[PDB]
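Order of listing sets the numbers, starting from 1, for every ligand and every atom in it. We're numbering straight along the sequence, starting at 1.
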Amino acid sequence: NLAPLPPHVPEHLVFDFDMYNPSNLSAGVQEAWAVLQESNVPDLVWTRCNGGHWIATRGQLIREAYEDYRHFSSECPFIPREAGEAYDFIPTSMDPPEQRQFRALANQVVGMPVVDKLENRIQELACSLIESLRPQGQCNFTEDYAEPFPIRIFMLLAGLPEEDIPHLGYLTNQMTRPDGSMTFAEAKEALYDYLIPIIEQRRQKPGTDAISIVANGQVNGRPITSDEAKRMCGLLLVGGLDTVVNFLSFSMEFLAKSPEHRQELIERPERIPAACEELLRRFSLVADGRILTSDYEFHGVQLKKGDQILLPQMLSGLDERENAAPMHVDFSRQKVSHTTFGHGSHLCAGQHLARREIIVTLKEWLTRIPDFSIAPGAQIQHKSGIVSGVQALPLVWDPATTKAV
Ligand code: HEM
Ligand SMILES: CC1(C)[C@@H]2CC[C@@]1(C)C(=O)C2
Ligand SMILES: [K+]
Ligand SMILES: [K+]
């Protein structure tokens with residue numbers, strides 16, 4: 001299902017990669033995307049899939065483009081174009097300098113200070129979920145930990161009821177890995193109709209939750225509007241429910257297959273942060289992009305005003321030009337080069353929360369359940385989109401080899 005090749009695109013640059021269903025998905029999603037970095041593929045290519053768009057395949061190009069917001073605007077950051085145009089989240093649908101005052105407020109609510117605020121709840125919940133699973137000797141990790149652990153901490157941070165998780169998660173999934181059951185526009189308006197009354201309630205009677213803080217915050221000297229508060233809160237939801245949730249499954253799938261990597265962390269837990277970095281590199285999972293604000297020649301390639309370009313955050317750290325043996329997980333890498341949390345002005349505002357959830361998960365899981373594996377004969381299926389994911393991760397273990405703390 002290819003869109004007609006636009007007249008300005010040389011055919012030697014054509015490579016029909018489908019970011020929502022890559023040909024090589026069975027081998028793993030990161031492997032499926034890494035075909036873009038084989039010798040037969042140029043640095044910057046055009047796919048006719050999903051409406052037609054560019055893809056930069058090298059970390060150097062991806063970083064350069066994310067840095068140069070003048071040519072590569074965030075106004076339409078999603079593929080396909082209908083999704084990008086509908087996408088109005090704050091601050092991600094804005095360029096500098098407009099982005100600035102909204103970013104400060106985002107950081108107030110999901111940045112470092114809030115991690116330090118919630119540290120104990122994060123630790124408490126991980127221990128609680130894991131201890132509860134430990135004597136079963138089995139679990140479906142996606143639904144049993146990967147989802148409830150980060151999502152409940154986010155609902156806690158946002159003061160929203162856990163009753164709304166299955167609903168919210170669904171709409172959020174629709175914006176990252178669409179079912180086809182609803183357009184991006186449908187999903188957004190569903191999420192907005194959920195948020196709107198809550199925000200109004202909380203502008204009238206301010207709480208201490210993230211939503212109250214955003215909705216009563218200040219930008220450009222004035223009160224934030226109800227619409228703006230909604231557009232920021234919408235993004236916070238997506239980040240809360242469809243990032244770390246997916247990442248945790250990739251990591252745990254890997255660890256289920258590598259006993260030596262597990263023991264490495266169990267014996268020297270001070271290496272856990274560096275290991276988190278490496279896993280974030282190897283199992284990077286995000287791919288959005290930008291839109292050309294004008295005709296622009298970029299590394300020898302003529303880009304036209306209005307062209308969309310996908311700038312896969314996932315690819316930079318997999319680029320062999322940035323990391324030798326990129327598909328190998330190596331906790332001792334002197335430098336873990338990646339752009340897993342993005343690059344430029346829109347660098348992830350929630351990355352400290354994310355790292356915290358990852359590091360707590362690694363430590364607390366391996367403490368109690370050091371020895372586990374994927375269920376016998378189970379086939380693990382990855383899914384691809386703006387944020388990549390795992391359909392299910394059946395794990396098994398002998399409870400005799402586990403340990404309560
Ligand atoms: C493994 C976990 C995560 C990954 C890989 C990730 C990745 C990213 C990336 C690549 C961007 C930049 C998008 C762009 O440049 O267009 C971004 C932005 C953002 N993310 Fe994260 N994210 C994660 C977790 C979270 C969490 C838990 C939150 C909490 C709500 C969050 C909140 C945000 C916000 C608010 C922005 C916008 C910052 C701005 O536009 O100035 N993220 N994220
Ligand atoms: C691309 C992202 C990972 C980043 C945070 C959530 C996400 C889906 C966005 O809309 C911005
Ligand atoms: K390439
Ligand atoms: K838009």
Side-chain angles (χ1 to χ4, degrees), residues 13 15 17 34-45 55-59 61-62 65-67 69 72-74 76-78 83-84 87-96 98-111 114-115 150-151 153-154 157-158 172-173 175-177 184 188 210 214 232-248 250-251 276 279-281 283-290 311-316 319-321 338-358 385-388:
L13 287 178
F15 184 86
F17 185 83
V35 305
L36 283 166
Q37 293 165 336
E38 319 243 41
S39 60
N40 55 294
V41 190
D43 286 347
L44 175 54
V45 296
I55 311 177
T57 69
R58 295 294 166 180
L61 280 74
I62 296 168
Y66 275 128
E67 285 172 12
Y69 57 88
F72 306 95
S73 172
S74 285
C76 182
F78 275 27
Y87 187 101
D88 58 26
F89 287 160
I90 291 170
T92 53
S93 70
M94 293 163 169
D95 302 310
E98 186 185 20
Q99 183 213 354
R100 171 188 171 268
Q101 280 221 41
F102 294 101
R103 182 171 168 77
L105 184 55
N107 193 258
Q108 291 185 29
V109 305
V110 297
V114 164
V115 161
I151 301 178
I153 279 154
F154 179 86
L157 159 59
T172 265
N173 294 173
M175 302 183 202
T176 51
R177 293 170 303 289
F184 182 88
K188 193 190 57 166
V214 169
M232 184 166 334
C233 281
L235 174 65
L236 294 182
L237 265 292
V238 177
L241 280 48
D242 232 324
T243 58
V244 182
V245 168
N246 305 298
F247 180 72
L248 290 174
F250 289 123
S251 291
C276 164
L279 295 169
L280 281 166
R281 185 197 60 79
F283 301 107
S284 197
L285 76 169
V286 178
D288 75 344
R290 298 298 189 255
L311 297 166
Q313 284 91 350
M314 169 201 304
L315 285 182
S316 308
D319 190 345
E320 67 274 8
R321 289 175 210 186
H338 68 81
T339 57
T340 292
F341 292 112
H343 194 73
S345 60
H346 292 274
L347 180 61
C348 176
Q351 59 181 303
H352 305 100
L353 182 50
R355 286 184 170 91
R356 197 90 243 113
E357 291 175 346
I358 298 162
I386 306 277
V387 176
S388 292

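Atom CG of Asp88 and atom OG of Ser93 lie 6.0 Å apart (nearest 0.5 Å). Rounded to the nearest 0.5 Å, atoms CG (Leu237) and CG (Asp242) are 11.0 Å apart.
Taking 3.4 Å as the criterion, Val41 counts as a coordinating residue of the K ion (ligand 3), since one of its N, O or S atoms falls below it. Contact annotation: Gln37 places no N, O or S atom under 3.4 Å from the K ion (ligand 3). Residue contact annotation: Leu36 places an N/O/S atom under 3.4 Å from the K ion (ligand 3).
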Exercise for review: Check the pair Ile358 / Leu279 against side chain to side chain contact (heavy atoms under 4.5 Å, CB included), numbers first and verdict last.
Suggested key: CA-CA 10 Å; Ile358 298 162; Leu279 295 169; 5.6 Å; no

Practice item. Dump the intermediate steps for side chain to side chain contact (heavy atoms under 4.5 Å, CB included) on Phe247 and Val387, then the final yes or no. Key: CA-CA 9 Å; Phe247 180 72; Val387 176; over 6 Å; no

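For a threshold of 3.5 Å applied to N or O pairs, the pair formed by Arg290 and ligand 1 contains at least one separation below that value. The shortest N or O to N or O distance between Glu357 and ligand 1 is not below 3.5 Å. Considering both main-chain and side-chain atoms, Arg103 comes within under 3.5 Å of ligand 1 through a nitrogen or oxygen pair.
Taking 4.5 Å as the limit, some side-chain heavy atom of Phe341 sits within range of a side-chain heavy atom of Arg355. Taking the side chain as every heavy atom from C-beta outward, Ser388 and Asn246 never approach each other to under 4.5 Å. For the pair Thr340 and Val286, the minimum side-chain heavy-atom distance is 4.5 Å or more. Side-chain contact between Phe89 and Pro77 is absent, with no heavy-atom pair separated by less than 4.5 Å.
Taking atom 37 (C) of ligand 1 as the reference point, the nearest protein heavy-atom neighbour is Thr92 CG2, 3.4 Å. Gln99 NE2, 2.5 Å is the protein heavy atom nearest to atom 41 (O) of ligand 1.
With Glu67 contributing its side chain and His343 its backbone, the two residues share no donor-acceptor pair below 3.5 Å.
With 3.5 Å as the limit, one finds a donor-acceptor pair spanning the side chains of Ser345 and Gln99. No side-chain donor from either of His338 and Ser284 sits under 3.5 Å from a side-chain acceptor of the other. Looking at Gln313 and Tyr66, their side chains do bring a donor and an acceptor atom within 3.5 Å of each other. Using modelled atom types and a 3.5 Å distance limit, the side chains of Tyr87 and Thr92 yield a donor-acceptor pair.
Evaluated for a side chain to side chain contact (heavy atoms under 4.5 Å, CB included) with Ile151, the options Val245, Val244, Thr172 yield exactly one hit, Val245.
Neither the backbone nor the side chain of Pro77 comes within 4.0 Å of ligand 1, counting heavy atoms alone. When heavy-atom distances to ligand 1 are checked against a 4.0 Å cut-off, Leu235 comes that close only through its side chain, counted from C-beta outward. Under 4.0 angstrom from ligand 1, the non-hydrogen atoms of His346 come from both its backbone and its side chain.
For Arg290 and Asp95, the salt-bridge test fails: no basic side-chain N is under 4.0 Å from an acidic carboxylate O. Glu98 has no carboxylate O lying under 4.0 Å from a charged side-chain N of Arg103, or vice versa, which leaves the two without a salt bridge.
Taking the six-membered ring for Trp and the full ring otherwise, the centers of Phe78 and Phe184 sit less than 6.0 Å from each other.
Close contacts of ligand 1 with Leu236, meaning ligand atoms under 4.0 Å from a residue heavy atom, involve 30 (C), 35 (C). Close approach to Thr340 involves these atoms of ligand 1, each under 4.0 Å from a residue heavy atom: 5 (C), 7 (C), 10 (C). The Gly240 neighbourhood of ligand 1 comprises atoms 30 (C), with distances under 4.0 Å to a heavy atom of that residue. If you number the atoms of ligand 1 from 1 as listed, the ones under 4.0 Å from a heavy atom of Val244 come out as 2 (C).
Relative to atom 14 (C) of ligand 1, the option among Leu105, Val109, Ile90, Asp288 with the closest non-hydrogen atom is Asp288.
Of all protein N/O/S atoms, those under 2.8 Å from atom 21 (Fe) of ligand 1 are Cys348 SG, and waters are not counted.
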Find all protein N or O atoms under 3.5 angstrom from an N or O atom of ligand 2 and list the pairs with distances, or write 'none'.
unit_1	atom_1	unit_2	atom_2	d
ligand 2	10 (O)	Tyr87	OH	2.6

